[PDB]
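Listed next as C-alpha coordinates is one chain, alone, in the form deposited in one PDB entry.
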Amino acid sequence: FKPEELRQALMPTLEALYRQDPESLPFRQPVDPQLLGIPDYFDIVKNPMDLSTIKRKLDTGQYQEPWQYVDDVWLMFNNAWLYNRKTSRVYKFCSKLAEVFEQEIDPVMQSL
(Lines give C-alpha, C1' and ligand atoms only; values in the text may rest on other atoms or scores of the structure.)
Protein backbone atom coordinates (compact mmCIF):
# COMPACT_ATOMS: atom_id res chain seq x y z
CA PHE A 1 0.00 0.00 0.00
CA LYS A 2 0.99 3.63 -0.49
CA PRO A 3 1.90 5.40 2.82
CA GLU A 4 -0.12 8.49 1.89
CA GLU A 5 -2.87 6.22 0.57
CA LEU A 6 -2.70 3.98 3.64
CA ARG A 7 -2.64 7.09 5.84
CA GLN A 8 -5.59 8.55 3.92
CA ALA A 9 -7.58 5.34 4.10
CA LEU A 10 -7.24 4.78 7.83
CA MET A 11 -7.37 8.47 8.91
CA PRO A 12 -11.20 8.76 9.04
CA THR A 13 -11.40 5.86 11.53
CA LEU A 14 -9.02 7.57 13.96
CA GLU A 15 -10.84 10.90 13.58
CA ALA A 16 -14.01 8.97 14.36
CA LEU A 17 -12.63 8.04 17.77
CA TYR A 18 -11.46 11.63 18.46
CA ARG A 19 -14.95 12.95 17.62
CA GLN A 20 -16.57 11.05 20.51
CA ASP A 21 -17.22 13.36 23.45
CA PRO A 22 -16.80 12.66 26.31
CA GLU A 23 -15.77 9.08 25.57
CA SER A 24 -12.39 9.85 23.93
CA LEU A 25 -11.05 12.08 26.74
CA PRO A 26 -9.61 9.31 28.98
CA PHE A 27 -7.89 7.88 25.89
CA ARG A 28 -6.15 10.95 24.43
CA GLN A 29 -2.94 10.78 26.50
CA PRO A 30 -0.86 7.86 27.82
CA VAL A 31 -2.07 6.64 31.21
CA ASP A 32 0.01 8.24 34.00
CA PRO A 33 -0.24 5.89 37.00
CA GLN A 34 1.21 8.51 39.37
CA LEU A 35 -1.26 11.24 38.40
CA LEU A 36 -4.19 8.84 38.37
CA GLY A 37 -3.22 7.15 41.63
CA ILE A 38 -3.10 3.59 40.26
CA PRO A 39 0.40 2.38 41.14
CA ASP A 40 -0.18 -1.23 39.99
CA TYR A 41 -1.08 -0.18 36.44
CA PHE A 42 2.23 -0.99 34.74
CA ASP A 43 2.33 -4.37 36.47
CA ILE A 44 -1.05 -5.27 34.98
CA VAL A 45 -0.76 -3.43 31.65
CA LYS A 46 2.54 -4.49 30.11
CA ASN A 47 2.11 -2.73 26.73
CA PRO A 48 0.25 0.63 27.06
CA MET A 49 -1.40 2.30 24.07
CA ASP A 50 -3.46 5.47 23.56
CA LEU A 51 -4.85 7.70 20.83
CA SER A 52 -1.96 10.18 20.76
CA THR A 53 0.58 7.35 20.32
CA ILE A 54 -1.49 5.87 17.49
CA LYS A 55 -1.91 9.23 15.71
CA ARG A 56 1.83 9.94 15.87
CA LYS A 57 2.56 6.45 14.52
CA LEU A 58 -0.01 6.80 11.73
CA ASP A 59 1.11 10.28 10.64
CA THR A 60 4.80 9.37 10.57
CA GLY A 61 4.57 6.28 8.34
CA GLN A 62 5.08 3.70 11.10
CA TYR A 63 2.17 1.55 9.93
CA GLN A 64 3.29 -0.26 6.77
CA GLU A 65 0.15 -2.36 6.69
CA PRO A 66 -3.44 -1.90 8.01
CA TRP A 67 -3.55 -4.70 10.60
CA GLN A 68 -0.61 -3.04 12.38
CA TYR A 69 -2.90 -0.06 12.88
CA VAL A 70 -5.88 -2.25 13.84
CA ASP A 71 -3.75 -4.22 16.31
CA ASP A 72 -2.73 -0.92 18.03
CA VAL A 73 -6.34 0.28 18.28
CA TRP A 74 -7.44 -3.11 19.66
CA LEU A 75 -4.61 -3.09 22.19
CA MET A 76 -5.75 0.30 23.55
CA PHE A 77 -9.27 -1.03 24.27
CA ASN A 78 -8.14 -4.41 25.59
CA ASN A 79 -5.76 -2.66 28.01
CA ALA A 80 -8.62 -0.58 29.46
CA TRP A 81 -10.95 -3.60 29.59
CA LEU A 82 -8.27 -5.56 31.43
CA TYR A 83 -7.41 -2.98 34.08
CA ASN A 84 -10.71 -1.30 34.87
CA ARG A 85 -13.76 -2.78 36.57
CA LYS A 86 -16.72 -3.49 34.25
CA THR A 87 -18.89 -1.01 36.17
CA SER A 88 -16.38 1.89 35.85
CA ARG A 89 -16.87 5.02 33.73
CA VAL A 90 -13.67 4.39 31.78
CA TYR A 91 -14.69 0.77 30.96
CA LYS A 92 -18.09 1.91 29.68
CA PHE A 93 -16.35 4.63 27.62
CA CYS A 94 -14.04 1.95 26.19
CA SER A 95 -16.89 -0.24 24.95
CA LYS A 96 -18.36 2.85 23.26
CA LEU A 97 -15.10 3.60 21.42
CA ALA A 98 -14.77 -0.08 20.48
CA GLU A 99 -18.28 -0.22 19.05
CA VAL A 100 -17.58 2.92 17.03
CA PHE A 101 -14.26 1.61 15.69
CA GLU A 102 -15.74 -1.69 14.46
CA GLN A 103 -18.47 0.07 12.48
CA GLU A 104 -15.85 2.36 10.92
CA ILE A 105 -13.05 -0.10 10.19
CA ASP A 106 -15.19 -2.66 8.35
CA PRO A 107 -15.84 -0.73 5.10
CA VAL A 108 -12.23 0.49 5.10
CA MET A 109 -10.62 -2.97 5.31
CA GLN A 110 -13.19 -4.26 2.80
CA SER A 111 -11.32 -2.36 0.09
CA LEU A 112 -7.68 -2.23 1.15
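We number the residues from 1 along the sequence you see. Just so we're on the same page, rigid core means the largest C-alpha set that superposes within 1.5 Å between forms.
Asker: Which stretch is less alike in 7 other deposited structures of this protein, 1 to 9 or 102 to 110, counting RMS CA distance after the rigid core is superposed?
Answerer: This comes out as 1 to 9, the stretch further from the shown form in 7 other deposited structures of this protein.
Asker: Taking the root mean square of C-alpha distances over all structures and residues in 7 other deposited structures of this protein, with a rigid core superposition, name the larger of 70 to 78 and 36 to 44.
Answerer: Per-stretch check in 7 other deposited structures of this protein: the more divergent one is 36 to 44.
Asker: When the C-alpha temperature factors are averaged for each of 74 to 82 and 32 to 40, which stretch ends up with the higher value in the entry?
Answerer: Looking at the recorded C-alpha B-factors, 32 to 40 comes out higher on average.
Asker: When the Cα temperature factors in the entry are averaged, is it 60 to 68 or 47 to 55 that ends up higher?
Answerer: Comparing 47 to 55 with 60 to 68, the higher average CA B-factor belongs to 60 to 68.
Asker: Looking at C94, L10, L25, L17, which has the highest CA B-factor as recorded?
Answerer: Across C94, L10, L25, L17, the entry lists the biggest C-alpha B-factor for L10.
The protein also exists as the form deposited with a small molecule bound; that form is not presented, and the subsequent description refers to it.
Asker: With heavy atoms only and a cut-off of 4.5 Å, decide whether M109 touches the small molecule in the deposited bound form.
Answerer: It does: once the small molecule is placed as it appears in the deposited bound form, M109 has a heavy atom within 4.5 Å of it.
Asker: Contact between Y63 and the small molecule in the deposited bound form at 4.5 Å, heavy atoms?
Answerer: No, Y63 sits far enough from the small molecule in the deposited bound form that none of its heavy atoms falls within 4.5 Å.
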